[PDB]
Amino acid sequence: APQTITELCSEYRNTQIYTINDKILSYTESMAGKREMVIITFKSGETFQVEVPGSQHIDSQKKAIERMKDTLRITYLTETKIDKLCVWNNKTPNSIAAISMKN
């Protein structure tokens, strides 16, 4: 298996690493039908989403999508620095594939 977020990110097409090195600026969560999602933004001006579960997802990602939203919320509430995000850039806003935190 991969040893870092960049190596893992490099296995997927349509992705890029954003080096954030900052805590989350805003956290938005929706339970509106067909828009069950989370959106985060940074002072840098970037906006990112955890996509609504769909047909591009495989069954093993169900729990992982929910785990990623949980992580973003607690990270926001604890003011924890995000290091990097591995995102899919074929979506707007860019879609989170993975996150890393350090220190």
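Sequential numbering from 1, following the sequence displayed.
Between 43-51 and 64-72, it is 43-51 that carries the larger average Cα temperature factor according to the deposited entry. Just going by the entry, 34-42 versus 54-62 on mean CA temperature factor gives the higher value to 54-62. Compared with the other modelled residues of the chain, the Cα B-factor recorded for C9 ranks in the middle third. When the CA B factors of the chain's modelled residues are split into thirds, the value for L85 lands in the middle one. For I24, the recorded CA temperature factor ranks within the lowest third of the chain's modelled residues.
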